[PDB]
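Step one of this worksheet: look at the structure below.
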Amino acid sequence: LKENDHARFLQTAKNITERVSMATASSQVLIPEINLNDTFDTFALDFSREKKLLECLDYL
């Protein structure tokens with residue numbers, strides 16, 4: 001369903017988690033080792049939270 005509303009909203013949610021991945025990738029902090037996984041995870045996660053609030057609605 002590619003429209004002039006939903007499509008734009010999607011491009012955003014993706015551009016959010018897509019921009020972070022590219023950044024972290026360069027920093028070289030997206031692989032396991034000792035305590036990096038916990039960092040990358042908590043990193044992307046937080047980002048996603050913002051994506052949802054943008055794409056769809058939420059309570060908290």
In Hz, Karplus ³J(HN,Hα) per residue of the range 42-59 (6.51, -1.76, 1.60; θ = phi - 60°; x = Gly, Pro): 3, 6, 4, 3, 3, 4, 3, 3, 5, 4, 4, 3, 7, 4, 10, 9, 8, 9
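Where does the chain land on Rg/Rh, using Cα atoms and the Kirkwood Rh? Intermediate values should be presented prior to the final figure.
Values: Rg = 14.0 Å, Rh = 12.8 Å.
Result: Rg/Rh = 1.09.
Neighbour counts of other C-beta atoms within 10 Å: give me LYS51, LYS2, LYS14 arranged from fewest to most. If you can, show how the numbers build up before the last one.
Values: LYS51 17, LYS2 6, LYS14 12.
In order of increasing Cβ crowding within 10 Å: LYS2, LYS14, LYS51.
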Computed magnitude of the charge dipole of the chain (debye, nearest 20; Cβ of K, R +1, Cβ of D, E -1): 240
Projected label distance in nm at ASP5 and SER27, using a 7 Å step from Cα toward the beta-carbon: 3.7
Taking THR17, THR24 and counting other C-beta atoms within 10 Å, the order from fewest to most: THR17, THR24
Per-residue Cβ neighbour rank within 10 angstrom, fewest leading, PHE40, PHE9: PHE9, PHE40
Centre separation in Å (Cα based) which lies between the range 37-60 and the range 11-28: 12
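Because the Cβ atoms are built from the backbone with ideal geometry, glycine has one as well, and the counts that use them run over all protein chains shown. Quick note: the coordinates plus some simple rules give every number you see, no bench work behind them.
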